[PDB]
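Student: Following this message is one structure expressed as structure tokens.
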Amino acid sequence: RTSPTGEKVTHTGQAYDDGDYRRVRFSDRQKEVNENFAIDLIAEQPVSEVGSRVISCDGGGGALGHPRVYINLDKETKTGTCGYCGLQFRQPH
Amino acid sequence: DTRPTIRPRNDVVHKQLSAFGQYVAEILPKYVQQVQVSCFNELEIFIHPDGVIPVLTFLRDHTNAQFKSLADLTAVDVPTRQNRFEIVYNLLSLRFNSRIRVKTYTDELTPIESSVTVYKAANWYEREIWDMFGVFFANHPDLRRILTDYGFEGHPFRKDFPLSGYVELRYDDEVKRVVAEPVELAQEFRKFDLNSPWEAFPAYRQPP
Amino acid sequence: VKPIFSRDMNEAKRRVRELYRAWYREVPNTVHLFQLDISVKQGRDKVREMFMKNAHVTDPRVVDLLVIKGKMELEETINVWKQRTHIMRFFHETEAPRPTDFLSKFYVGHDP
Amino acid sequence: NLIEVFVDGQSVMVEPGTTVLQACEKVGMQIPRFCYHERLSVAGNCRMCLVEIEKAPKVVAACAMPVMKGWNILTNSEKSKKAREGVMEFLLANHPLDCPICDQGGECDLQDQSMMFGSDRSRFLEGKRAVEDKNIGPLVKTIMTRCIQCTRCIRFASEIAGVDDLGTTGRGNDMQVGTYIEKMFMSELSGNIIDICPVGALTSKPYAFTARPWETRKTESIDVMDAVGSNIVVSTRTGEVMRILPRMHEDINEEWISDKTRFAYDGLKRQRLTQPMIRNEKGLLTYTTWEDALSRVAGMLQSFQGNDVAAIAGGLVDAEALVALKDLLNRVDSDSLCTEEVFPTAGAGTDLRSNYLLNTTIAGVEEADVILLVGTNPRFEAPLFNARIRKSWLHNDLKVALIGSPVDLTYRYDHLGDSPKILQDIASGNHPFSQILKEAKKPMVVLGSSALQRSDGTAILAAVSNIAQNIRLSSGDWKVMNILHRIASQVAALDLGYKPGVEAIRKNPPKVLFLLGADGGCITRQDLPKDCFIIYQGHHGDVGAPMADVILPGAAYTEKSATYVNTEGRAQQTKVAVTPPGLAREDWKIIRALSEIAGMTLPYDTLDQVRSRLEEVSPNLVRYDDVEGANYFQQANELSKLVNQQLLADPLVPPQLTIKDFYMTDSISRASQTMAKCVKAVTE
Amino acid sequence: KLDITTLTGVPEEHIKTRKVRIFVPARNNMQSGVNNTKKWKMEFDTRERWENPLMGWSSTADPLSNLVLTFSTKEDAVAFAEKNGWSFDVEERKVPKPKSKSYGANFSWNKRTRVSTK
Amino acid sequence: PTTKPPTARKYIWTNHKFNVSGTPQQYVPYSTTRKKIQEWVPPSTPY
Amino acid sequence: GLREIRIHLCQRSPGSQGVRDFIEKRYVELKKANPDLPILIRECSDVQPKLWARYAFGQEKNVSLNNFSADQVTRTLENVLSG
Ligand code: SF4
Ligand code: SF4
Ligand code: FES
């Protein structure tokens, strides 16, 4: 997204205001902005359905992932979300 | 204990060092205040500051103590003691393949006799001690700043001296020279409190 | 307590005067040697100012050490161990004057 | 009576009943523990305190097992070490690997105790358990997967908080801790369960994910939200208040702080006054330099003198600012220094400090046997005071009677009623509770300052004083008369001599009114001359700021080293944790600079000089952590007896009746989004 | 009275304006360990920490912002402050009172102490 | 890389860029956080 | 004229015993005689008792009450009230 001033808003919700003098730093130079918003990317990821009451996520790749954490799926409305990865898992109804 | 994790300890050297420490204490009761041997076999002799030259001379010339090499002369600043600065002399005896530490105490004002006569290496070490901590050494051939800047003020290694210092340098066009200005850090050195609230070593517990 | 050099304050004052004489006589040469833009009076004024800064001391031991430090600075100045900037560092120039009036400090910042 | 026990061969004398852990603490040994808490009932469930006693086959629980004479506690024996290692292994067997994402990380008792007493590897080749989390409110983030079933939260809620909501559900490894039904744990002291929790199962929702413990800088300070005077530790990182943690003070806050105190720091970052504001030609406040604002105020001060210039003291103001403003008003021959809180001025008034102080003191509550509460709601008015009363009732079985609207106080009391005439009945002896008071050996009477705000406040004070007098005549140095103030500044202002109430300003409308941190709204533009000049000096712009000709940005309590006096008269000084935002300065500095500009320069230029002047006014305001003893009860009683006001039939309804009335009280709380969320949660 | 102020090298501004606080650090309420709260410590008054315009990093000019000196006893800290001529405020150490604890009281017959749940 | 292609990921760039220092596309440092202390808004209605 | 009177008496200091007796007996009568006048009573520690008297336009004069008998303290107060 882009601010009304014309400055692209970072994924950290930061955009130099119109009254901000610091905006001059991008006068003749581009504002480095990452164009893959992480929050949107995980939202794309589908919610896995695992019958087991408790599932464990390592992030994939074993030692190349994150510390293994066990997620409980008792909550019916909510979907178990990985603490590190953020992947959502559900228990089939 | 045993197994690779534990460090092997040699008791023979411990006994030898304890015996030699008693030897030194008996020979020099006038100055030797305390003798300790660490569990890692390092003999330490605590001497009254007046005995810096006599004790070192004995430890250097005596036939059974031929510590003819001043390995390192340093100071430890402990602000909780009246004599905050602790001058430590590390010696080496090639003849007996052993090392010893002479530890003495001093104040911010009380002078300490220079050991240049005993060890010529002491010159620059004592210069460093004076420059970093401020321990004046009496009868020193040339006591002056050795490591700090020429016009520097204060003793940096003192525990009460700020890590970033009090002054900073920069080049000023108006004066056409490098000028000293009060220190201003763009990012303050972030002090991290890491000491755990739980006691770690029961063996070194100070009773209340 | 063992005196550093002087047993009494009168002896210490003797050392202070000796140091002051050396600094007073060295100032003209120092201006020539480092080609300083200060006047001989300015340097001698600074010397007196620096001596008068530590004029509240009463312990002969402290006075002795102050003289020793004063000697060391003189030795570096005489031996040209210091550089032109080092000599000029005594004369704080670029540093903006910090006011003393409370109302001025109140405007300047949160300075206590 | 002391029995001689030995810890690691070292003889130590302990009173009979001392637990093994306490004796080890006496010799300097802190036995590892998770469930045992000094202020919570002994549980013995964590099993981490197991220690070996010489000539004993089985290790004992030091947290529970009482010592016996001759026992040699082998704290560092092999049995004890192995017991600790095994128990830690069991604790960590099912504990989730959440350390990188656990807010407790870096300050976790589990982590440090594992590092110091536990092993360095795991043998658990099976799968760990996962527990569904339970919502308990908008303040405590709950991850029950990390719970170690220490039962500290349950015991705390059951005894200190007094709300029997938390509990264990199920049995065995499937035992889950939390309310069986979906219920919000509502308490004025609920936040402390975050601290008591050894693991990161319970975490501060606002502080969640914000910062780590090692980086945060700690600044010990005093709370100003209430008049309890709770000692707090302001954890600040990179010049920003990150969280507020309790500071141990057995006499005042012990180890607990109110939820408002813990989660009102967010208000300090919203609606803040930064630059001096003066009103333009259009009549709108506009930013200006300090010079212009101070010059305008000084010119107005020169224009009018006497009662034309008056001051309304606020609730979050400090003693230094109070004395500075007092001297400034004296310079123009003005004594109309009024506080926003009304304390009966009849009789002794503010001349005797005992007339407006909790003479019994917070600690004395534990020694009291009968406490009579008159028109007050201590649960919300002073949460820690109510907690102390509850502690005494739980242990000392202190009888409690409340003459007021029947409000939950986390403890059962004798509701005499809400009509003030019950005070007359007790004084006359017709009421049986008067007989109960006669029998009592250390009876304590507490009168809420809220009741004093009533128009018959003088009559209420007279009735309470008469009851105390009757107790004194019927019956050491025990104090009976006590007043619970709800405003921190009020005590200091009354010590200085500020008029307790804006009635004097109403009597003589001031052309120039100085609102020093005053956002109560008692006096409006309508209550003032049409050409009134209002100078509001506050840290937040809440109420006085909109109705102000010149706004002087002030410093918050975390932004200045200032003196605040609690309701027990114990002077306490805050410390600077962060510097005031924008151009805001310390309040006393602002007043002194204004005096210099006007020409009536005050005789102090440093904090030390200002506090010396404070001693010149009242010496008790420089003796920190000192509860001075001044009785002066008979004199004040006689002076009060002189005037006879009429009690009103209006029931003694405390202003705060629910927790919704507790969350948002002061300007900081009103500007606190977290407190607003709490209000919304409790209302809905 | 030892006067090392002239020999310390500290600028005069940070010799007079400074307000040393001698105190024993309080126990972090989050943890239960007391090992940290065993030695007296000396700290200096906190001052302005503004924001660096380029990055937002907190900037300070206080040279003594991070100086914390531990001392065995309060007298040591007082003496050290006197030597360096820093105004020092001392906070007396607060040791928790010994508290009588009884597991049996949890199951009292006629006392409030009786616990409702375990 | 022809024999063993690297694992393809969507977030990986589709066009490698050389060091752009000294070019108008250079990177300028800035803060990624927001304002910490919100200020008070004076009322827009004259008293 | 005189705006307020501050009586600083230490709790146990024997020099303050006379001031204590004055407060115990005569102070009630004095307060009745001078209702409007704030007779502020505060406590000192390890310092001689004093009688600060605030006058108009911020003027104060402290009267040492060290070892002053109740009659003497009353006399000093009367003089302040009687000029
Ligand atoms: S509670 Fe402690 S041990 Fe458990 S995950 Fe959090 S930091 Fe790690
Ligand atoms: S939630 Fe925390 S305090 Fe409650 S039982 Fe579990 S570990 Fe203990
Ligand atoms: S602390 Fe001893 S069993 Fe819990």
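Just so we're on the same page: first chain in the structure tokens is A, next is B, and so on; residues restart at 1 for each chain, and ligands are numbered from 1 in the order they show up.
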Please provide the set of residues having any atom within 10 Å of region 83-89 of chain C, restricted to only C-alpha atoms, with same-chain residues fewer than 5 positions apart removed, written as a PyMOL selection string.
Tutor: (chain B and resi 149-152+175-181) or (chain C and resi 30-31+33-38+43+73+76-77+94)
Student: Residues of chain E within 8 Å of chain D, using only C-alpha atoms, as a PyMOL selection string?
Tutor: chain E and resi 26-34+45-50+57-58+94+96-97+99-103+106+111-113+115-118
Student: Keeping N, CA and C atoms for every residue in the selection just given, could you write it to a file as a short mmCIF file (atom, residue, chain, number, x, y, z; two decimals), in the first residue's frame?
Tutor:
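Output file again25.cif follows:
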data_model
loop_
_atom_site.label_atom_id
_atom_site.label_comp_id
_atom_site.auth_asym_id
_atom_site.auth_seq_id
_atom_site.Cartn_x
_atom_site.Cartn_y
_atom_site.Cartn_z
N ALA E 26 16.14 -4.22 44.07
CA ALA E 26 14.97 -4.99 44.48
C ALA E 26 14.86 -6.27 43.67
N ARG E 27 14.16 -7.25 44.23
CA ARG E 27 13.96 -8.52 43.56
C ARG E 27 12.93 -8.36 42.45
N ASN E 28 13.27 -8.85 41.26
CA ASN E 28 12.32 -8.85 40.15
C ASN E 28 11.10 -9.68 40.53
N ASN E 29 9.93 -9.04 40.53
CA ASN E 29 8.72 -9.71 40.97
C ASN E 29 8.41 -10.94 40.12
N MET E 30 8.85 -10.95 38.86
CA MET E 30 8.59 -12.09 37.99
C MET E 30 9.25 -13.37 38.52
N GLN E 31 10.49 -13.27 39.00
CA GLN E 31 11.20 -14.42 39.53
C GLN E 31 11.13 -14.44 41.05
N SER E 32 11.61 -15.55 41.62
CA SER E 32 11.64 -15.73 43.06
C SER E 32 13.05 -15.77 43.62
N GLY E 33 14.07 -15.72 42.77
CA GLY E 33 15.44 -15.75 43.25
C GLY E 33 15.83 -14.45 43.93
N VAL E 34 16.70 -14.56 44.93
CA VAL E 34 17.14 -13.42 45.71
C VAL E 34 18.65 -13.20 45.62
N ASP E 45 21.76 9.52 38.34
CA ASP E 45 20.43 9.98 37.94
C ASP E 45 20.23 9.82 36.44
N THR E 46 19.01 9.43 36.06
CA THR E 46 18.68 9.27 34.65
C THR E 46 18.44 10.63 33.99
N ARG E 47 18.94 10.78 32.77
CA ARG E 47 18.81 12.04 32.04
C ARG E 47 18.19 11.83 30.66
N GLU E 48 18.20 12.88 29.84
CA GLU E 48 17.48 12.86 28.58
C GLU E 48 18.03 11.80 27.63
N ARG E 49 17.11 11.07 26.99
CA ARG E 49 17.43 10.07 25.97
C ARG E 49 16.53 10.36 24.77
N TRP E 50 17.00 11.21 23.86
CA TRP E 50 16.23 11.57 22.68
C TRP E 50 16.42 10.51 21.59
N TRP E 57 17.17 5.32 16.79
CA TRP E 57 17.85 4.79 17.95
C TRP E 57 17.93 5.85 19.05
N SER E 58 17.78 5.41 20.30
CA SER E 58 17.84 6.33 21.42
C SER E 58 19.25 6.87 21.60
N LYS E 94 15.73 -3.32 52.47
CA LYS E 94 14.45 -3.84 52.95
C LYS E 94 14.50 -5.36 52.87
N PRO E 96 12.64 -8.91 53.70
CA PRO E 96 11.30 -9.41 54.03
C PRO E 96 11.24 -9.99 55.43
N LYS E 97 10.19 -9.65 56.15
CA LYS E 97 10.01 -10.15 57.51
C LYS E 97 9.81 -11.67 57.48
N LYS E 99 7.97 -14.97 57.98
CA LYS E 99 6.54 -15.21 57.96
C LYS E 99 6.25 -16.62 58.43
N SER E 100 5.38 -16.75 59.43
CA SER E 100 4.99 -18.06 59.92
C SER E 100 4.13 -18.78 58.89
N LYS E 101 4.53 -19.99 58.52
CA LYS E 101 3.82 -20.78 57.52
C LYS E 101 3.49 -22.15 58.10
N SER E 102 2.24 -22.57 57.97
CA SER E 102 1.78 -23.86 58.47
C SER E 102 0.94 -24.53 57.40
N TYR E 103 1.37 -25.72 56.96
CA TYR E 103 0.57 -26.49 56.02
C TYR E 103 -0.71 -26.99 56.68
N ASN E 106 -4.00 -24.97 56.50
CA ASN E 106 -4.83 -25.11 55.31
C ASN E 106 -6.05 -25.98 55.57
N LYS E 111 -11.10 -22.05 61.53
CA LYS E 111 -10.33 -20.87 61.16
C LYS E 111 -10.57 -20.53 59.70
N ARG E 112 -10.43 -19.24 59.38
CA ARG E 112 -10.58 -18.78 58.00
C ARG E 112 -9.52 -19.38 57.09
N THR E 113 -8.36 -19.76 57.65
CA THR E 113 -7.23 -20.22 56.86
C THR E 113 -7.57 -21.43 55.99
N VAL E 115 -8.38 -23.84 53.34
CA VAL E 115 -8.42 -23.61 51.91
C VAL E 115 -9.64 -24.31 51.31
N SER E 116 -10.24 -23.67 50.31
CA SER E 116 -11.39 -24.26 49.63
C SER E 116 -10.96 -25.31 48.62
N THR E 117 -9.83 -25.09 47.94
CA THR E 117 -9.32 -26.02 46.94
C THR E 117 -7.81 -26.16 47.11
N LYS E 118 -7.30 -27.29 46.64
CA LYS E 118 -5.87 -27.57 46.73
C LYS E 118 -5.21 -27.45 45.36
#
Student: If you count only C-alpha atoms, which residues fall within 7 Å of region 11-24 of chain E, apart from same-chain ones fewer than 6 positions away, as a CSV table (one decimal) with C-alpha atoms, in the first residue's frame?
Tutor:
chain,number,residue,atom,x,y,z
C,112,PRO,CA,19.2,19.3,35.9
E,37,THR,CA,19.4,-8.7,46.0
E,39,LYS,CA,25.0,-6.5,47.3
E,40,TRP,CA,24.7,-2.7,47.5
E,41,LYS,CA,24.8,-0.8,44.2
E,42,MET,CA,25.4,2.8,43.2
E,43,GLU,CA,23.7,4.4,40.2
E,44,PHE,CA,23.5,7.9,38.7
E,45,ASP,CA,20.4,10.0,37.9
E,77,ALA,CA,29.3,3.1,48.8
E,85,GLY,CA,32.2,14.4,45.7
E,86,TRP,CA,28.8,13.1,44.4
E,87,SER,CA,25.6,13.9,46.2
E,88,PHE,CA,24.4,10.5,47.4
E,89,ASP,CA,21.0,9.3,48.5
E,90,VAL,CA,21.0,6.1,50.5
E,91,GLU,CA,18.0,3.7,50.6
E,92,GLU,CA,18.1,1.3,53.6
E,93,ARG,CA,17.9,-2.4,52.6
Student: Quick one: residues within 9 Å of residue 25 (chain F), only C-alpha atoms counted, chain neighbours fewer than 6 positions away excluded, as a PyMOL selection string?
Tutor: chain A and resi 28-32
Student: What does the file look like for those residues with N, CA, C and O atoms, as a PDB file, in the first residue's frame?
Tutor:
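As written to disk, selection31.pdb reads:
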ATOM      1  N   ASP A  28      15.859  12.185  -3.753  1.00  0.00           N
ATOM      2  CA  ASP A  28      16.437  11.680  -4.989  1.00  0.00           C
ATOM      3  C   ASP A  28      16.813  10.209  -4.894  1.00  0.00           C
ATOM      4  O   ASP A  28      17.494   9.694  -5.788  1.00  0.00           O
ATOM      5  N   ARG A  29      16.391   9.521  -3.836  1.00  0.00           N
ATOM      6  CA  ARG A  29      16.726   8.125  -3.624  1.00  0.00           C
ATOM      7  C   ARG A  29      15.466   7.356  -3.255  1.00  0.00           C
ATOM      8  O   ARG A  29      14.565   7.889  -2.600  1.00  0.00           O
ATOM      9  N   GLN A  30      15.407   6.096  -3.680  1.00  0.00           N
ATOM     10  CA  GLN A  30      14.228   5.283  -3.437  1.00  0.00           C
ATOM     11  C   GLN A  30      14.161   4.836  -1.978  1.00  0.00           C
ATOM     12  O   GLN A  30      15.177   4.687  -1.294  1.00  0.00           O
ATOM     13  N   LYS A  31      12.935   4.611  -1.507  1.00  0.00           N
ATOM     14  CA  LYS A  31      12.696   4.116  -0.152  1.00  0.00           C
ATOM     15  C   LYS A  31      12.632   2.597  -0.210  1.00  0.00           C
ATOM     16  O   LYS A  31      11.670   2.024  -0.728  1.00  0.00           O
ATOM     17  N   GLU A  32      13.673   1.943   0.300  1.00  0.00           N
ATOM     18  CA  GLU A  32      13.729   0.487   0.316  1.00  0.00           C
ATOM     19  C   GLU A  32      12.521  -0.092   1.038  1.00  0.00           C
ATOM     20  O   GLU A  32      12.375   0.071   2.254  1.00  0.00           O
TER      21      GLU A  32
END
Student: Check every residue of chain A for an atom within 9 Å of chain D, counting only C-alpha atoms, and provide those that qualify as a ChimeraX atom specification.
Tutor: /A:53-56,67-75,83-84
Student: Save the residues we just selected, C-alpha atoms, as a PDB file, in the first residue's frame?
Tutor:
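Below is the file part_12.pdb, written as the result:
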ATOM      1  CA  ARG A  53      -6.280 -34.029  18.792  1.00  0.00           C
ATOM      2  CA  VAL A  54      -2.652 -32.881  19.205  1.00  0.00           C
ATOM      3  CA  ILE A  55      -0.288 -32.215  16.294  1.00  0.00           C
ATOM      4  CA  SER A  56       3.351 -31.136  16.234  1.00  0.00           C
ATOM      5  CA  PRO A  67      11.816 -25.818  17.643  1.00  0.00           C
ATOM      6  CA  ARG A  68       9.125 -28.499  17.549  1.00  0.00           C
ATOM      7  CA  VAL A  69       5.910 -27.356  19.239  1.00  0.00           C
ATOM      8  CA  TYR A  70       2.771 -29.385  19.923  1.00  0.00           C
ATOM      9  CA  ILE A  71      -0.549 -27.695  19.131  1.00  0.00           C
ATOM     10  CA  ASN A  72      -3.931 -28.674  20.577  1.00  0.00           C
ATOM     11  CA  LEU A  73      -7.043 -28.607  18.379  1.00  0.00           C
ATOM     12  CA  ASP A  74      -9.816 -28.888  20.991  1.00  0.00           C
ATOM     13  CA  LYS A  75     -11.174 -25.430  20.130  1.00  0.00           C
ATOM     14  CA  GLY A  83       3.733 -20.332  17.257  1.00  0.00           C
ATOM     15  CA  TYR A  84       6.731 -19.853  14.954  1.00  0.00           C
TER      16      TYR A  84
END
Student: To one decimal in Å, tell me the separation between CA of residue 501 (chain D) and CA of residue 27 (chain G).
Tutor: 24.6 Å
Student: Residues of chain G no more than 10 Å from chain D, counting only C-alpha atoms: send them over as number ranges by chain.
Tutor: G: 1, 3-11, 20, 23-29, 31-32, 35, 37-45, 50, 52, 54-59, 62
Student: For residue 591 (chain D), please output as a ChimeraX atom specification all residues within 8 Å (counting only C-alpha atoms; exclusion window: fewer than 4 positions along the same chain).
Tutor: /D:321,324-325,328,587,595
Student: Give me, as CSV, each residue of chain D that comes within 8 Å of chain F, together with its shortest interatomic pair and the distance in Å at one decimal, counting only C-alpha atoms, with rows ordered by chain and rising residue number.
Tutor:
residue,atom,partner,partner_atom,distance
D:268,CA,F:37,CA,7.7
D:269,CA,F:37,CA,4.3
D:270,CA,F:38,CA,4.6
D:271,CA,F:40,CA,3.9
D:272,CA,F:39,CA,4.7
D:273,CA,F:40,CA,5.9
D:274,CA,F:39,CA,7.0
D:282,CA,F:46,CA,6.8
D:283,CA,F:46,CA,4.9
D:284,CA,F:46,CA,5.4
D:285,CA,F:42,CA,6.1
D:286,CA,F:42,CA,7.8
D:540,CA,F:40,CA,7.5
D:541,CA,F:40,CA,6.1
D:546,CA,F:43,CA,6.4
D:547,CA,F:47,CA,7.2
D:581,CA,F:37,CA,7.8
Student: Could you find all residues in region 24-195 of chain B that DSSP calls helix (DSSP H, G or I) from the backbone, and write them as a PyMOL selection string?
Tutor: chain B and resi 24-27+49-61+122-132
Student: Quick check: residues of chain A within 12 Å of chain F, only C-alpha atoms, returned as a CSV table (one decimal) with C-alpha atoms, in the first residue's frame.
Tutor:
chain,number,residue,atom,x,y,z
A,9,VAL,CA,3.8,2.0,3.4
A,10,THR,CA,6.0,-0.7,4.9
A,11,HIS,CA,4.7,-3.9,6.4
A,12,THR,CA,5.6,-2.4,9.8
A,13,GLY,CA,2.9,0.3,9.2
A,14,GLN,CA,5.5,3.0,8.8
A,15,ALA,CA,5.1,6.0,6.4
A,16,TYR,CA,6.7,9.4,6.8
A,17,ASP,CA,4.0,11.9,7.4
A,20,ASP,CA,7.8,14.9,8.8
A,22,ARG,CA,12.7,13.2,7.5
A,23,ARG,CA,10.8,12.6,4.3
A,24,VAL,CA,13.5,14.6,2.5
A,25,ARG,CA,15.9,11.6,2.8
A,26,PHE,CA,14.0,10.0,-0.1
A,27,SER,CA,14.1,13.1,-2.3
A,28,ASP,CA,16.4,11.7,-5.0
A,29,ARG,CA,16.7,8.1,-3.6
A,30,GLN,CA,14.2,5.3,-3.4
A,31,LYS,CA,12.7,4.1,-0.2
A,32,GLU,CA,13.7,0.5,0.3
A,33,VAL,CA,10.5,-1.4,0.8
A,34,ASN,CA,10.1,-5.2,0.8
A,35,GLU,CA,7.3,-6.2,-1.6
A,36,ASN,CA,6.3,-9.5,0.0
A,37,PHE,CA,4.2,-8.8,3.1
A,38,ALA,CA,4.6,-11.7,5.4
A,41,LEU,CA,1.6,-14.6,2.6
Student: Could you state the separation of CA of residue 40 (chain C) and CA of residue 91 (chain C) in Å, given to one decimal place?
Tutor: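 These atoms are spaced 13.2 Å apart.
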Student: Starting from chain D, keep only residues with some atom at most 6 Å from an atom of chain B, counting only C-alpha atoms, and report them as a ChimeraX atom specification.
Tutor: /D:116,214-215
Student: Kindly export the residues of the current selection with N, CA, C and O atoms, as a short mmCIF file (atom, residue, chain, number, x, y, z; two decimals), in the first residue's frame.
Tutor:
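Done, and the output landed in result.cif:
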data_model
loop_
_atom_site.label_atom_id
_atom_site.label_comp_id
_atom_site.auth_asym_id
_atom_site.auth_seq_id
_atom_site.Cartn_x
_atom_site.Cartn_y
_atom_site.Cartn_z
N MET D 116 20.56 -24.11 36.86
CA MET D 116 21.36 -24.15 38.08
C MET D 116 21.28 -25.48 38.82
O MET D 116 22.24 -25.84 39.51
N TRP D 214 16.27 -8.60 29.96
CA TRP D 214 17.67 -8.20 30.14
C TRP D 214 17.90 -6.77 29.66
O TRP D 214 18.68 -6.03 30.27
N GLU D 215 17.24 -6.36 28.58
CA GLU D 215 17.48 -5.03 28.02
C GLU D 215 16.81 -3.93 28.83
O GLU D 215 17.35 -2.82 28.93
#
Student: Give the strand (DSSP E) residues of region 69-206 of chain B, as assigned by DSSP on the backbone, as number ranges by chain.
Tutor: B: 69-77, 85-93, 98-106, 112-113, 137-138, 167-172, 177-182
Student: Restricting it to C-alpha atoms, dump the selection as a PDB file, in the first residue's frame.
Tutor:
ATOM      1  CA  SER B  69      61.099 -13.178  34.783  1.00  0.00           C
ATOM      2  CA  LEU B  70      58.321 -10.659  35.412  1.00  0.00           C
ATOM      3  CA  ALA B  71      55.614 -12.249  33.275  1.00  0.00           C
ATOM      4  CA  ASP B  72      52.993  -9.550  33.851  1.00  0.00           C
ATOM      5  CA  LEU B  73      52.402  -6.704  36.309  1.00  0.00           C
ATOM      6  CA  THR B  74      48.771  -5.574  36.465  1.00  0.00           C
ATOM      7  CA  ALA B  75      46.211  -3.912  38.738  1.00  0.00           C
ATOM      8  CA  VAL B  76      42.655  -4.849  39.738  1.00  0.00           C
ATOM      9  CA  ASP B  77      40.308  -2.045  40.797  1.00  0.00           C
ATOM     10  CA  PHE B  85      43.667  -0.852  43.564  1.00  0.00           C
ATOM     11  CA  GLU B  86      45.301  -4.279  43.917  1.00  0.00           C
ATOM     12  CA  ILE B  87      48.733  -4.543  42.290  1.00  0.00           C
ATOM     13  CA  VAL B  88      49.461  -8.108  41.137  1.00  0.00           C
ATOM     14  CA  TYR B  89      52.927  -9.310  40.086  1.00  0.00           C
ATOM     15  CA  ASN B  90      53.102 -12.468  37.960  1.00  0.00           C
ATOM     16  CA  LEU B  91      56.517 -14.157  38.067  1.00  0.00           C
ATOM     17  CA  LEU B  92      58.181 -17.118  36.344  1.00  0.00           C
ATOM     18  CA  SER B  93      61.038 -19.332  37.579  1.00  0.00           C
ATOM     19  CA  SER B  98      57.015 -22.630  38.177  1.00  0.00           C
ATOM     20  CA  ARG B  99      55.049 -19.398  38.473  1.00  0.00           C
ATOM     21  CA  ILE B 100      53.972 -17.273  41.434  1.00  0.00           C
ATOM     22  CA  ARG B 101      51.752 -14.230  41.994  1.00  0.00           C
ATOM     23  CA  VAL B 102      52.599 -11.403  44.409  1.00  0.00           C
ATOM     24  CA  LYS B 103      49.451  -9.406  45.210  1.00  0.00           C
ATOM     25  CA  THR B 104      49.634  -6.099  47.093  1.00  0.00           C
ATOM     26  CA  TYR B 105      47.139  -3.321  47.788  1.00  0.00           C
ATOM     27  CA  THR B 106      47.253   0.458  47.407  1.00  0.00           C
ATOM     28  CA  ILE B 112      54.034   2.185  45.706  1.00  0.00           C
ATOM     29  CA  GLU B 113      57.763   1.558  45.353  1.00  0.00           C
ATOM     30  CA  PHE B 137      54.839   4.559  41.536  1.00  0.00           C
ATOM     31  CA  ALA B 138      57.585   6.146  43.623  1.00  0.00           C
ATOM     32  CA  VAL B 167      35.159  13.464  25.537  1.00  0.00           C
ATOM     33  CA  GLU B 168      35.134  12.682  21.816  1.00  0.00           C
ATOM     34  CA  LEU B 169      37.144  13.852  18.818  1.00  0.00           C
ATOM     35  CA  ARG B 170      36.106  15.364  15.491  1.00  0.00           C
ATOM     36  CA  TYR B 171      37.487  17.680  12.824  1.00  0.00           C
ATOM     37  CA  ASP B 172      36.152  21.246  12.760  1.00  0.00           C
ATOM     38  CA  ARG B 177      41.981  21.160  13.543  1.00  0.00           C
ATOM     39  CA  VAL B 178      40.755  18.064  15.350  1.00  0.00           C
ATOM     40  CA  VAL B 179      38.830  19.268  18.403  1.00  0.00           C
ATOM     41  CA  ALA B 180      37.634  17.561  21.569  1.00  0.00           C
ATOM     42  CA  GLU B 181      33.925  17.893  22.357  1.00  0.00           C
ATOM     43  CA  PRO B 182      31.628  16.408  25.024  1.00  0.00           C
TER      44      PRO B 182
END
Student: I'd like the neighbourhood of residue 141 (chain B) as a PyMOL selection string, where a residue qualifies if any of its atoms comes within 9 Å (using only C-alpha atoms), though same-chain residues fewer than 5 positions away should be ignored.
Tutor: chain B and resi 114+116+123
Student: Between CA of residue 340 (chain D) and CA of residue 486 (chain D), what is the spacing in Å?
Tutor: 11.5 Å
